[PDB]
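Number of protein chains: 4
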Amino acid sequence: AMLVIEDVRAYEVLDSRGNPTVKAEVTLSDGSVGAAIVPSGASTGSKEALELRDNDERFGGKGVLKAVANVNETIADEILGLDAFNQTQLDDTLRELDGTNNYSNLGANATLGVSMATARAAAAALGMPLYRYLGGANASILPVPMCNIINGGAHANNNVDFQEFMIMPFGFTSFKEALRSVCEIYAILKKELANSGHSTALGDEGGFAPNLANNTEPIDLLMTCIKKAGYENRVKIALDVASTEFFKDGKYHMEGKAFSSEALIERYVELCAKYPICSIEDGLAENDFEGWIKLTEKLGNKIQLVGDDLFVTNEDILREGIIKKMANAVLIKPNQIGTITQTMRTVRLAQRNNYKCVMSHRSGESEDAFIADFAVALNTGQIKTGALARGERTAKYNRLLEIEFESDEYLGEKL
Amino acid sequence: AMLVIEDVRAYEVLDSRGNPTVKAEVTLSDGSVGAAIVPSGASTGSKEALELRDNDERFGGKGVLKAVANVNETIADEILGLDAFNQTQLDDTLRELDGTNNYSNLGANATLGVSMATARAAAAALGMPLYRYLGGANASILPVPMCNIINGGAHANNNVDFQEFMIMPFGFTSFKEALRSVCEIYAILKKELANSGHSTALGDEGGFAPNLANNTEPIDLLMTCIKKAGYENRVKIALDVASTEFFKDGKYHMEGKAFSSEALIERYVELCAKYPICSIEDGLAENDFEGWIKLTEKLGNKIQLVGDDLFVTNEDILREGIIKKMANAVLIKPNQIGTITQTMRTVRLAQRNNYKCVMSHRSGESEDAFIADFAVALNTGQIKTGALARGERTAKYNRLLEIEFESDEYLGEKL
Amino acid sequence: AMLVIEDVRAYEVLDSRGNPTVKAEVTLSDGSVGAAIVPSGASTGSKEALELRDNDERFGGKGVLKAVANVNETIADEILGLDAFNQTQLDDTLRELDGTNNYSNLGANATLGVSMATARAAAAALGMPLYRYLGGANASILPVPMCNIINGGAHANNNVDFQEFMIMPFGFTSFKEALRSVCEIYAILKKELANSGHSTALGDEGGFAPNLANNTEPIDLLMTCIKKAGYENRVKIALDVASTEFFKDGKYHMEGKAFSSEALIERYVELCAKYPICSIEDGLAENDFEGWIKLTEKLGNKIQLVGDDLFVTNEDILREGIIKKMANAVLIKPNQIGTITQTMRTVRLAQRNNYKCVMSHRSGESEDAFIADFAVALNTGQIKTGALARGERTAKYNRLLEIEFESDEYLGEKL
Amino acid sequence: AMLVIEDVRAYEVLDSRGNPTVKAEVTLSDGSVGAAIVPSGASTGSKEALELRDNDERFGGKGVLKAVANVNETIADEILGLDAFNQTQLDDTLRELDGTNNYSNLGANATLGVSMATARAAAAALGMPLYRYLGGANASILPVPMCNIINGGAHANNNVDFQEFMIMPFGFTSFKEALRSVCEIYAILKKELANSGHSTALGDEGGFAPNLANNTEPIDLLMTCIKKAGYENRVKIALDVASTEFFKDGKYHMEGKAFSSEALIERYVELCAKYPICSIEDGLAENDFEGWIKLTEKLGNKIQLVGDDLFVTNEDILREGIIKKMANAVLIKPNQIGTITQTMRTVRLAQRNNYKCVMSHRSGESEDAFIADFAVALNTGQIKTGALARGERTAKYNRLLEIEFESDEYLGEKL
Ligand SMILES: [Mg+2]
Ligand SMILES: [Mg+2]
Ligand SMILES: [Mg+2]
Ligand SMILES: [Mg+2]
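Protein chains in written order, with my numbering: chain W, 147 to 561; chain R, 147 to 561; chain H, 147 to 561; chain F, 147 to 561.
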């Protein structure tokens, strides 16, 4: 082995909502250090990989001291002396040590931080950028971002049922010019809101949560801001419906109605005919398997249909989805699965079977921009990393602006 | 010269509000690299160091391509080959190259970034943390934070005159426990706001801007939340009144009145008698010199009186203030003055003359945590770096949690 | 730049058929050296990147002294001092230096060798295997080989119209066992041929060219050998028809008849219904656009349809093929396009649009196993590199056996 | 010891006929790596050093898993920590560890791999070409190749008795021009066979096996091709009769007859009177001692007489040959004897006693070109490494073309 893991440590830091999370730091035998901050995920649930939370008097039960302990003691003891450069061996060792199928022992907050930290340490020792370490010279594509600038659903307290209303800048030949257009549109939206007596205060991802009437008003507002900014036809709309949040008893409860699966599908067809929606995430619920099958038949050749809660970044669940023809794209949330290698597996599966991958943030983020490198490393072509404000979101865009001096490839509207 | 500056560059990145700002990167002759991002400043005004803005069609007038060109061409040409370790010579060269008394040639956004980036590159060459590079083995004190968790004034659209309502965790023997307290109190406040029908969406610094009635309602709310959290007597209140914003025709226009300077002082005496306010910033206007003299006589021995707009991190203006006995503390905003050395000169003058220094963020921040290390390097004992949310604020608290593993001295209530 | 290209040279070597070709060697500023040998291409044609041949009295007009001089003089002069690790800038520089759309100035045999040699040199400098240099930690899949063990058409002198009859070992969980199976099937074929009085002497790719009656006898013989070897149901059949070779006057002349495009497609339907054929390459001619659209409608959901002459590894021609729905896979011959970057672009375009990539050899190969690393770097999942004999074929299989000790993932029949 | 052997391993790869062989890899304590592939030999026999073969269900009984194990376990355990640069000590240790006179224990395929691999690793550590490591600055002579371009005997299934019909380019002042002459002659031979209805498919060493009528018809064809190519009198003919293959009950069964030793000798005399045959290998059988003595007396001062099966590269057998005046040259096959030092011992014996050495390939070769370096290292002046086709042959020619840029000395016709 060329270099080995010499030291590993973790400690408690704060995420962008002010809750604790794990930072890990790995030192190699040449003295190269890498570190990484894990975004916040879910500590209960039977599908997702689980993060460990302390549930004691500190920080409202949200301390991560046990996750931190598991890195400093259990993981440390198992990985010191492993080859720094064999990411797959490190990640498989983490899985085997945990011994469950959802990291319910070590905690995904313990395993991901160590997984990302080791990769960074390896890249540092080679003097190479992280995206080159993860994806080689083939790492090239700067992703088209989808930028959540108007919020509703559970992400707000309004009458808007849909969770995320996003703008996507396709009509550009460079990432920086694309980034500039969404920045300009966001500024215009802020003004439009202020001038009609709405709050300009921000939600967790940097977007606005004004109390609008329904699910089409926010779209109309995006359209008029896009046009006023001078980008008509070059910026399109993406939605995250998060339909599991309002699915009860076989029905979807929105817009004062109780919708059937088939009726909600017809609603999306309607919306897609009237507005330049290019993508819809979680249009149907995470267990509405029959509905998704229909959704994909009706719209899967016209628009992107992204599984988030449907697939939870999980290779096996995505495989069954691929087989049964559900969706045509998958949100990629690395902490949801627990190591960089398992994330890569899910992405490779999707890309071998015509599913697009959207590298994704979490609601509780950090200053760590790992997912900007990851999106380029795997040529995802898409990233979902927030509005154009709040440092835990702008850190990712800034990283992508850096990577752009070395590899400036942006697909925009090109195949 | 041991190592020399070998390369200097800059490029446009985004600050935490979605406006462009400068990131600079300096490479030394051993290959060590340092980078820094500059927070947003003022591009107009007659007192402060000015940042350069392009004022063209991009980003609503706020592009920084001229500043960036100033790093890439003008500064680079001048500093290539200078001793990496002579910060003072670097910063003095920048001042001379600029040739003005307010950086209105190079732009303070061009000079600060290079000043910061060179310091990080020198610390990296030595394998030393930034705070050790800046302040040596004498760097020791983890500062007490003042955290802006309720906003008013120009920072919101309410009936509240004062700008910032802050909590300061004095009653603790460690920084980690001090920070926990403010995080717990912030979470409690978030919940109180939500249950009382206020928005929990955030202002620029991560605080809330509810439409409250007056200037004491916000204080009462902080007090309730402090006690509910279990930290009664251990956490005090600081204010930024930003009184220049309501000073007109010799009078202060607040609480539906027109106060003379004398009347406003006795109002502060009242407030300080009723509540545990330990610090008031810009209690009087930036040009109300007579008022400041009287205020300082009246409360200067009981509470901290911070000059922000009064001093603008400027050594000369501070010197006159000391001589005239105005204030007993100074807010330190490095980008206001334009280099690290000029910042250190202002701090040293203050500390030689019994004025406390509060190391400060700006409204437009980034993921760069320089001011955390800077606060420790200079033993300021206090920092003002935002609420306990938004990554551009939590990055500083996190950096302070890392520094604490090497130097854990927290003064708290100790002399 | 960490390391820069310090030296570039070339010289004439011999390919696996005894003709000259270009060997290039690149030295970096730390002393690291990479070398590569270019497979032989086409010095005429209207679509392909051209290789320069001397056309003098040496080597029957096939000298490459002008290609060699282009590396030693023109390319060298231009790329000395360029950043070793920026493959894309290297390859874009080679393209621009050339100035044409098909390397008809420098020659693709001049540019590919330097392109590959720089990549090997950068990988050696980092102590990294080439596949990790090219595809990072994400480089993982060992490809399923398609092995050309019976020949016909222009690659023989017989009644067989089709050019290549190949076996593909799908039914295995490891590459080594898959490879053993095809070696075992190959040895059995050899014995069967010898016992029937056929020659066991080899064509250019290591396969046999017995004088068989038609296009189905070779397939019947492959099935018999698959079964005797013990691998029934685990090894499938792939074909390269190379139909352009018998396309004349809008018809295909084979099996003693003149087929319409439509009639030839129906022959493939019949063949596929009777035999386990998983892939057909150049089933229709390189210019039979309407036929390919029909073929792809008819069989593209059931079998792999590989464009070789159709696409000539060219991203622009492939892109039109995607838009026009022709084929669902593409043969990747790096020397056909001229740089490793242009190769990666064609592969990325393919993989974004649901086309499979088959990393391929040429008839004139060398001991250079670059395409083995390249297949793994880009997770192509498939490779065509010859029969299981002749060192210029076995060098690639051996390289894949070496890569297998570091990443052993073999998909086989898995999605 | 400047460096020591730090790691030793082996694994199965494929030879050029598609059978397993051993690849060995040796790493030194500076991290320098050397690797080597063993050509195929004999698992049985009472004269040659033996290669170990598995004899189980894998690869028709040709697996080398036991050889591989002997490298990874027995050898490794014995040589780890030995001086990297003491080639003689390493090779003697291998011989001692084996404890037989014919490597029947470890297997010659286990020991030669390690022997070559260590030499390459030492050369790499010194930054020197292998031929310099083995032969120093005195290593100079590029060998005259004998190129087997028409096959008979056991190497085909024709009515041709002799095994190899070779061309040798003496009439040139550079190796490259000699190599070009043989490439051009081979191309002309290919055309001649294709126009007279013969197969152009290749045998194991890259030559053709047309069904000719006797042993002079092939020579006639070589002469025609030499003259048509324009190289008359500059290229000569060398034969390998491999007469042991047809020797039985005292006599030599060829051309429908049983020849006495003396009659076969008179046949060589006739053949050498009529054609420019400069060398004959194994003209008489391996145990026909009285015959060899007469053949040597008769033609030994006129033509080269090479022992292959007569001497099996074995020092002791050659020594007795020298004493009894049998042959005037020895074929040198390193895997036949089992280490580089032992190979060297045999060559030095020969060169001290006026025996010419022909560095030789095996019919199961690999991409490894060790024997090209070895020929130059020892100034053999002659090499037999196949036809001008197939990668496992052209790899050697190419390596000699590389060495020619550093040492261009070619004797050709000079003493
Ligand atoms: Mg979602
Ligand atoms: Mg202030
Ligand atoms: Mg083809
Ligand atoms: Mg022989």
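Don't be surprised by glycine CBs; every beta carbon is placed ideally from N, CA and C.
Task: Through-space distance from W:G177 to W:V217, alpha-carbon basis - done: Distance between the alpha carbons of W:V217 and W:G177: 19 Å.
Task: Boundaries of the beta strand (DSSP E) in which W:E171 is found, first to last residue - done: Annotation: the continuous beta strand (DSSP E) that includes W:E171 extends over 166 to 174.
Open item on the list: Against chain H, does W:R508 count as a neighbour if the rule is that its beta carbon must be under 9 Å from one of theirs?
Closed with: False, the Cβ-Cβ gap to chain H never drops below 9 Å.
- [ ] State the start and end residues of the unbroken beta strand (DSSP E) segment that holds H:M292.
- [x] Element bounds for H:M292: n/a, residue is neither H nor E.
- [ ] Report the residue from R:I287, R:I411, R:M400, R:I365 whose alpha carbon sits nearest the alpha carbon of R:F551.
- [x] With distances taken between Cα atoms, R:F551 lies closest to R:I287.
Open item on the list: Counting C-beta neighbours from all protein chains within 10 Å, is the total for W:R266 16 or more, i.e. buried, or is it exposed?
Closed with: Buried.
Task: Contacts that H:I468 makes with chain W (C-beta to C-beta distance below 9 Å) - done: Neighbours of H:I468 on chain W, chain order: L561.
Open item on the list: Could you check whether the Cβ of H:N460 sits closer than 9 Å to any Cβ belonging to chain W?
Closed with: Not a single C-beta of chain W is nearer than 9 Å to the C-beta of H:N460.
Open item on the list: Just to check my reading of the structure: F:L348 and H:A347 have Cβ atoms closer than 8 Å, yes? What is that Cβ distance to the nearest angstrom?
Closed with: 6 Å between Cβ atoms; contact.
- [ ] Output, in chain order, the set of chain W residues within a Cβ distance shorter than 7 Å of R:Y543.
- [x] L160, listed in chain order.
TODO: Tell me whether R:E351 counts as near ligand 2, meaning its Cβ is closer than 8 Å to at least one heavy atom of that ligand.
DONE: In this structure, R:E351 has its CB at a distance of at least 8 Å from all heavy atoms of ligand 2.
Open item on the list: Suppose the cutoff is 8 Å on Cβ atoms and the five residues either side in sequence are ignored; what does the same chain contact list for W:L335 look like?
Closed with: The residues are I295, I296, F354, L367, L368, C371.
Open item on the list: ligand 5 and F:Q309: does the residue's C-beta get closer than 8 Å to at least one heavy atom of that ligand?
Closed with: Ligands displayed in this structure: ligand 1, ligand 2, ligand 3 and ligand 4; ligand 5 is not among them.
Task: Three or more C-beta pairs below 8 Å linking the segment 383 to 398 of chain R and the segment 312 to 321 of chain R - done: The answer is yes - the segment 312 to 321 of chain R touches the segment 383 to 398 of chain R, with three or more Cβ pairs under 8 Å.
TODO: Give a yes or no on whether the C-beta atoms belonging to H:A230 and H:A256 are separated by under 9 Å.
DONE: For the 9 Å CB-CB criterion, H:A230 and H:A256 do not form a contact.
Open item on the list: Which same chain residues end up closer than 8 Å to W:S345 when comparing Cβ atoms and leaving out the 5 residues on each side of it in sequence?
Closed with: For W:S345, same chain residues with a beta-carbon under 8 Å away, outside a window of 5 residues either side, are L339, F354, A355, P356 in chain order.
Task: Cβ-based neighbour list, R:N201, same chain, cut-off 6 Å, excluding 5 preceding and 5 following - done: Excluding positions up to five away in sequence, the list reads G207.
Task: Contact residues within the segment 309 to 339 of chain F, judged by C-beta distance below 7 Å to chain H - done: Those would be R326, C329, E330, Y332, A333, in chain order.
TODO: Check distances from the C-beta atoms of the segment 482 to 513 of chain H to those of chain W and list, in chain order, the residues that come in under 9 Å.
DONE: Cβ contacts with chain W: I486, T487, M490, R491, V493, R494, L495, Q497, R498, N499, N500, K502.
Task: Which of helix, strand or coil DSSP assigns to W:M369 - done: Three-state DSSP puts W:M369 in a helix.
TODO: Could you tell me whether the Cβ atoms of R:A473 and R:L451 are closer together than 9 Å?
DONE: Cβ distance < 9 Å, so R:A473 and R:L451 count as in contact.
Task: Inter-stretch contact (C-beta, 8 Å, three-pair minimum) for the segment 156 to 169 of chain R and the segment 530 to 538 of chain W - done: Contact annotation: the segment 156 to 169 of chain R touches the segment 530 to 538 of chain W, with at least three C-beta pairs closer than 8 Å.
Open item on the list: With a threshold of 9 Å between beta-carbons, can W:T173 be considered close to chain H, or not?
Closed with: With 9 Å as the cut-off, W:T173 does not count as an interface residue toward chain H.
- [ ] Considering only heavy atoms of ligand 2, list every residue whose Cβ is less than 6 Å from one of them, following chain order.
- [x] By the rule of a C-beta closer than 6 Å to any heavy atom of ligand 2, the residues picked out are R:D386, R:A388, R:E427, R:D428, R:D454.
Task: Residues bridged to H:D386 [DSSP beta-bridge criterion] - done: Looking at the DSSP output, H:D386 bridges to H:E310, H:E427.
- [ ] Just the C-alpha distance for W:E171 and W:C503, rounded to the nearest angstrom, thanks.
- [x] Taking the straight line from one Cα to the other gives about 28 Å.
Open item on the list: Determine whether the beta carbon atoms of W:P289 and W:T492 lie at a separation below 9 Å.
Closed with: With a cutoff of 9 Å on beta-carbon distance, W:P289 and W:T492 are scored as not near each other.
Task: Beta carbon proximity, W:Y279 to chain H, threshold 9 Å - done: It does: the Cβ of W:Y279 has a partner Cβ on chain H nearer than 9 Å.
TODO: Name, in chain order, the residues that DSSP records as bridge partners for W:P315.
DONE: According to DSSP, which records beta bridges pairwise, W:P315 is partnered with W:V381.
TODO: Output yes if chain W places a C-beta closer than 9 Å to the C-beta of residue 88 of chain H; else output no.
DONE: Past the boundaries of the shown model lies residue 88 of chain H; chain H is included only from 147 to 561, so the question cannot be answered.
Task: Contacts of R:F205 in chain W (Cβ-Cβ under 9 Å) - done: Result: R326, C329, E330, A333.
- [ ] Have a look at H:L226, H:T190, H:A222 and flag the residue whose alpha-carbon is nearest the alpha-carbon of H:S175.
- [x] Comparing Cα-Cα distances from H:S175 to each of H:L226, H:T190, H:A222, the minimum goes to H:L226.
- [ ] Just the chain H side, please: which residues come within less than 8 Å of W:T370 by C-beta, in chain order?
- [x] Going along chain H, no residue has its Cβ under 8 Å from W:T370, so there is no contact; the nearest lies around 32 Å.
TODO: Would you mind telling me which residues of chain H sit closer than 8 Å to W:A265, beta carbon to beta carbon, in chain order?
DONE: Residues of chain H passing the Cβ test: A283.
Task: Same chain, Cβ closer than 6 Å to R:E461, five either side skipped, listed in chain order - done: Here the set comprises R491, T492, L495.
Open item on the list: For the beta strand (DSSP E) containing W:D462, name the first residue and the last one.
Closed with: Counted as a single uninterrupted DSSP element, the stretch harbouring W:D462 is not any beta strand (DSSP E) but the alpha helix (DSSP H) occupying residues 461 to 469.
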